[PDB]
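The listed protein sequences correspond, in order, to chains A and B. So the first sequence is numbered by the working numbering: it starts at 1 and just counts up by one. So the second sequence is numbered by the working numbering: it starts at 191 and just counts up by one. Comments concern the structure below.
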Amino acid sequence: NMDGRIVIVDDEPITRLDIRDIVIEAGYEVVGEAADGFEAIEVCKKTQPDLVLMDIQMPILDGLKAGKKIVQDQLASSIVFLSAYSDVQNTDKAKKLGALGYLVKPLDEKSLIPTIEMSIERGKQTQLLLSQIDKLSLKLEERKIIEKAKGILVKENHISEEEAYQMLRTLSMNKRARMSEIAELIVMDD
Amino acid sequence: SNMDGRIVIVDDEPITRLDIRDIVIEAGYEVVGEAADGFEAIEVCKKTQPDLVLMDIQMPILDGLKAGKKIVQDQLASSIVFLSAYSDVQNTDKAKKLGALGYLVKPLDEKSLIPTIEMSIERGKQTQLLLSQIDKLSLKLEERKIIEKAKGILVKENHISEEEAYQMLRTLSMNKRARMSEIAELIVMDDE
RNA sequence: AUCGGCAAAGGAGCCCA
RNA sequence: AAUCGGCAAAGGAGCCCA
Ligand code: BEF
Ligand code: BEF
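Take a look at the structure:
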């Protein structure tokens, strides 16, 4: 049966429990619940769920603004709204902040589980791309700092690039630290 | 009022294609084509390059899942949303794996369609931005090896520091307003 | 005297019970 | 001497067009 970790957010517990039944029957893990945007933020912060289901109209903080915080900080992998509100203002706001689905009340208990599976998977793949972008842009920070470190080290010692790389390689290995970090220190040095 | 987006509709029951067509046009979208089987679905996407594809699973010739895989992996459309009576667990696994952005179930809840369209269009665009940023970084990381040769040539020929040689190459490439890789190619062939 | 980890792999160093 | 746009940098503040 289905696999995924889910957080449920609505101010009306009646709807919150309808969802809770459907989702657990399908076999997901319901890890937390919230009745307002602040409980929702703190629950996600602790939880790190795969999906957050939430209503726009809540007390304290509408799901739009709480969702904005959730996605900005990356407290959850994917987020899907459901509300009886579907005016274009709320639709644009939800799509801009980065929702992966939006369902209109009263919810289609038939569509829900499929849209859950889609939103979880596309959430994961989006997190993979962000990690690949992070990894590449880091490696491209590293080579710049490394090349600066080669240059400054050659200027101070008056030696060749092979010896400069050998110095960085021996230091990083001896000191159990990335050549990139050693280079950042040496470049800050001058 | 006045939604923007370009859509293609794909189902074997023409009554449902017309019900959908009427809804999306009333919202303000542009329908740019329709199909009634997987083979026309791929061909229409090749021509139109739409923002969103709406398709049933059970279609003749090529099930919507097979056309959906092709459309996604060749990027013939920026986002894709299924709409079927089939909610079968195997069908949801296939649809999410190939790369759907939504999976509504027949008979459709018309209220829900337009929001899921807007979300799926935006998520499709954003996913293509991220893929473009990956292509740009990985290219610029390959340019580095040519730039590192051009740097080495400057430090020898001028008899200067690495930080001075890069500062020269950068100020040159900005002055001549050309990609450092292009200036690096010119220098490295000039030494040859 | 032995196990484990980080770094390097343009390698073969370092730390811990 | 200034502003609009564009190219390139971003290991940054540089260059072209009205
Ligand atoms: F508060 Be939800 F919009 F029912
Ligand atoms: F008729 Be399709 F399978 F929804």
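Heads up, the beta-carbon is just placed ideally off N, CA and C, and yes, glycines get one too.
Do residue i and residue j have their C-beta atoms closer together than 8 Å?
i: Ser77 (chain A); j: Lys148 (chain A); result: no
i: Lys93 (chain A); j: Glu312 (chain B); result: no
i: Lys301 (chain B); j: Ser86 (chain A); result: yes
i: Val80 (chain A); j: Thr126 (chain A); result: no
i: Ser371 (chain B); j: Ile337 (chain B); result: yes
i: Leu327 (chain B); j: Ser131 (chain A); result: no
i: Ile199 (chain B); j: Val221 (chain B); result: yes
i: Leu64 (chain A); j: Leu17 (chain A); result: no
i: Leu291 (chain B); j: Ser310 (chain B); result: yes
i: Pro59 (chain A); j: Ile6 (chain A); result: no
i: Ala226 (chain B); j: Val234 (chain B); result: no
i: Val88 (chain A); j: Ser191 (chain B); result: yes
i: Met2 (chain A); j: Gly32 (chain A); result: no
i: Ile210 (chain B); j: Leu242 (chain B); result: no
i: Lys296 (chain B); j: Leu266 (chain B); result: no
i: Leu359 (chain B); j: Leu140 (chain A); result: no
i: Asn365 (chain B); j: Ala355 (chain B); result: no
i: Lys68 (chain A); j: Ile41 (chain A); result: no
i: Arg334 (chain B); j: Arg178 (chain A); result: no
i: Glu352 (chain B); j: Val154 (chain A); result: yes
i: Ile133 (chain A); j: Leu319 (chain B); result: no
i: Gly37 (chain A); j: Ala84 (chain A); result: no
i: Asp10 (chain A); j: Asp299 (chain B); result: no
i: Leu303 (chain B); j: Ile213 (chain B); result: yes
i: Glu216 (chain B); j: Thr91 (chain A); result: no
Kindly identify the DSSP beta-bridge partner or partners of residue i.
i: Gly32 (chain A); result: A:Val7
Using the three-state DSSP reduction, which class does residue i fall into: helix, strand or coil?
i: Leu107 (chain A); result: coil
i: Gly101 (chain A); result: strand
i: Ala94 (chain A); result: helix
i: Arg367 (chain B); result: coil
i: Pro13 (chain A); result: helix
i: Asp381 (chain B); result: helix
i: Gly228 (chain B); result: helix
i: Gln48 (chain A); result: coil
**OP:** Go through the stretch 243-277 of chain B residue by residue and report every complete run of the beta strand (DSSP E) that reaches 3 residues or more, in order.
**Re:** 269-274
**OP:** Give me every residue whose Cβ sits closer than 7 Å to any heavy atom of ligand 1, in chain order.
**Re:** A:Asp10, A:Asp11, A:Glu12, A:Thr15, A:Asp55, A:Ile56, A:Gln57, A:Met58, A:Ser83, A:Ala84, A:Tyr85, A:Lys105
Original post:
Taking the runs of the alpha helix (DSSP H) that are 4 residues or longer, which of them lie wholly in the stretch 289-358 of chain B?
Top reply: 300-344
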